[PDB]
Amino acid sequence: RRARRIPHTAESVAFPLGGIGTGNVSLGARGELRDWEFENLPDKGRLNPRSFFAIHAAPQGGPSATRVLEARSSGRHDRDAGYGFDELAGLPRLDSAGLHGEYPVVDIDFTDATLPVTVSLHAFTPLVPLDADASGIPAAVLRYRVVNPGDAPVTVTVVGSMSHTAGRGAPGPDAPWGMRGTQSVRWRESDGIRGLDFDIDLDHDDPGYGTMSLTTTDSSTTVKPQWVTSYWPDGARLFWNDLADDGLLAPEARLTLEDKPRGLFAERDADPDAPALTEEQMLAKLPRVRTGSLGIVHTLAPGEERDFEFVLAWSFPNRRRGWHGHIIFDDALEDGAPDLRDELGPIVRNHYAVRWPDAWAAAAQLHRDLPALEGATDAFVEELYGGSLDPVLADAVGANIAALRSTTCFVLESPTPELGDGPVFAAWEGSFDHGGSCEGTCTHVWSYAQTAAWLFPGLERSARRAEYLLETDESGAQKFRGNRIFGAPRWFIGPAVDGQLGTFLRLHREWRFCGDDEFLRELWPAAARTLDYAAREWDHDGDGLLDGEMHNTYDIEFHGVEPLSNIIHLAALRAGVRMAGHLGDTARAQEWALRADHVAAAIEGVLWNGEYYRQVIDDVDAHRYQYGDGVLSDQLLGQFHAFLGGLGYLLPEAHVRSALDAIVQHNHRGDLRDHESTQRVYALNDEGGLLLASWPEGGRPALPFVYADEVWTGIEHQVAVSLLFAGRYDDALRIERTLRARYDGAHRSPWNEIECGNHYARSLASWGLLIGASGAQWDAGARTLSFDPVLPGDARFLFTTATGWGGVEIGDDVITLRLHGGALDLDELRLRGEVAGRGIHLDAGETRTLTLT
């Protein structure tokens, strides 16, 4: 296998299935399902009762074997009440496993000393670049490949057993058995698929309502649609008895073995010769989760390999209207915007529910379209992980896509009439284990996130329209957390300099990617105002440099004069000139171009110290949370945006390189055992990482900004991307190797970079590594595509554009474009600053090799 084998003992490792906005379930390195979080909230560590795969292998004329299809557990076994009944941890398992993840696809290869067959699991949820719907199906393929390496036929049953997740409620008389409603399960065969269809009797508009399914297209099935529900776990024992007996299953004659509540379960007030309860009446007194099993049965010849293919699908269509987070409280709202919530009502739907209002619909789609969906997914994996990128960089780019497809992000169906009809992308900053982290598609965080802008640009556009149409007032003040997507009044807190101007940079990015001038024009009156706001409101001494108190991503305000704000502003001005001039807004184009030149001069005159850019302040201790002559890792965040936006260097190339080099030299730690931090920990011990700031020349405040001693993968990524554009390949690679080692499975999961929450949005800065490594520059307005790889010689990269995606392959004398999705109609193709092709058009499925001479 190409991916690195992660052993079954790496307990943190979780490979997430599910798509954009769908919610998720993960596979651990034991091959177990974990982190069941379908229900519009995170739920790391949620155990789904009785939900597992199992194998019965019956060698012809030989003893049978029956195992759960999981490697052995390891680690702490001191659960407070033991592993519970519903975990079935006492059933026999496979000795070991290795997990090989190339997100969105995983392979988990099992090893066992005695099982008479060998097993692997291939799993994925499709990902189709530029197709957010196809990439947002609430379902996953679970495909178990079984090999008979023995000399006699083996009859193999692979059986998924599953419980629906819906229905939990807080303990109480409205939630007997912790369940607010009662589940159902049945066998179903319709829509070209067969299997188990789960439901619940909650109201159609209850936020907790949802469905699940476990299906196959395999005709060779054996089923127990509904396990027995008794007070004791009879269901499970009967299931195992049924499976290990013969590798076949039957429906249960009786759905409960209780006649009436007795012994410990007796109702104190029951009439002791009440009439017999019907089974339905007895079921009404019992636990409300339901479980079924779908088995697929094949006799494998000596040597034969066969796939046992399932789909697991789910649908929780209803969200409560509002973030219901921990920041934007209904008493932290400012007056001024109409409160639409009573009129619009208490629910907003997930977008995915328009096509797939229940699990069956999603399953049926995934099975019907599997060749194309899988074909796309596989082409994506091959381009992303099978080209010339160093494996570390492919890992950083690819694995972090998981954040975009996690509970951190979601897509709402028409949440507010003010944006018109259609999907609106919105996101937390991250996911706490059990709730959202930091609501409002936070602009100072999300400005670092690049992945969606290149893979699902539609989503990012929908978000920019919320910020400009709803969250930007007449003066140009833009909220950095948005509440108006729900119809709710705005958050009362004011603008952040990085969030407001980062948003403006993202408007440029979005427009550059799609080429849609109408998109830009709609947002332009508000966007221009936000750029004007900065020079007017944030420069108190009229020198062109933003100064004094401005709020930033560090949750504090910087004072004095300093590069984070100023270099972002410089980039925004440059972007603003491009957009203004294109749109014919000649007054702003001129005004901003003058301003930009003046700012760049003033940055070099004031903030540059001959090695890096730093904060000019009278007294670094006069206000808490400053940094002064410290080296701020984000000093050049503006330049990261500029490189990615095709704006090149904002400042003298040698000065930018010096500054980057200072960041690497001073702020990168190979080992953190001696680091003296009172802050949050995302790197420690024998790990390394880029610090947010350090003070190599002294001047450390008593109380520096409150995250200065921390390590943020997002900042690591942005700096590495800048280093790539600057030609500092070795250092970018070292940053990325070091940070991804913290996420190699030993202590943290590859598919979950963390900050304030799991699947943290800043981690999506990582996509810029592909861009920087390849020097990809797509301008949809010019219809030009160019590459300029940092490393010389032969190369092969994934690329995206608005209209199409594929692979680029570069040699001495030729460049090849192969398109896997959509279409490409280039005015011009450039390689290393030279014209490689004019008028170059390709359709999906076509390859063109162009001579460079």
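So that there is no doubt, residue numbering starts at 1 and follows the sequence shown.
For the pair 313-321 and 532-540, the mean B factor over Cα atoms is greater in 532-540.
The PDB entry records a higher mean C-alpha B factor for 261-269 than for its counterpart among 261-269 and 627-635. You'll see in the entry that, of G745, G648, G440, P153, the Cα B factor peaks at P153.
Of the residues listed, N148, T503, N400, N350, the entry assigns the biggest Cα temperature factor to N148. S64: CA B factor lies in the highest third for its chain, per the PDB record. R34 sits in the lowest third of its chain by CA B factor, as recorded in the PDB entry.
For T803, the recorded CA temperature factor ranks within the highest third of the chain's modelled residues.
Per the PDB record, residue ranking by Cα B-factor puts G845 in the highest third of the chain. Annotation for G837: C-alpha temperature factor in the highest third relative to the rest of the modelled chain, per the entry.
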